[PDB]
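Below you will find one chain, with nothing else, as structure tokens; this is the form deposited in one PDB entry, and questions on how it binds or moves follow later.
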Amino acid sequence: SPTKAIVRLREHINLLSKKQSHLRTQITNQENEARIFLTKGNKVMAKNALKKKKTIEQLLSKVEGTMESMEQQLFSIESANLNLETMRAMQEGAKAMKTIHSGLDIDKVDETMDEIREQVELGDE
């Protein structure tokens, strides 16, 4: 159902959120490894650690892009459900106004209305 898709989007979103926390940790850790390589005067290994930092940041970007597509999909479903709730209310509402409109069981007033209606329009063409 629509509620089926909603719950799984949430579950997927929640898991991606933890991947994101994890990736930020590793980003930090690569930064700190680079500083330590420098205090040992190993300029090459520090650059290698910063390049690895760059790739994790790229992957964190992909994680957040997946999350964002899922949040938009969720919103689209919830809005569409609200729009459908309106349409069903309107349907049932129009049924109720039709019952009320013909709630005069004897003496057809509405046929006389349509007669007078056409007389009024007889300049229009």
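For the two forms, the rigid core is made up of the largest set of C-alpha atoms that agree within 1.5 Å on superposition. Only residues modelled in both forms are compared. Heads up: residue numbers just count along the shown sequence, starting at 1.
Keep in mind the form deposited in another entry is missing from the figure; the text below concerns it.
- Once the cores line up, the CA of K108 ends up 2 angstroms or more apart between this form and the one not shown.
- Here's the thing about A94 and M113: their CA atoms end up at least 3 Å farther apart in that other deposited form than they are in this form.
- Expansion of the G93-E118 CA spacing by 3 Å or more is recorded in that other deposited form, set against this form.
- Shifted segments between this form and the one not shown, defined as at least 3 consecutive common residues whose CA atoms all move 2 Å or more after rigid-core fitting, occur once only, at 105 to 123.
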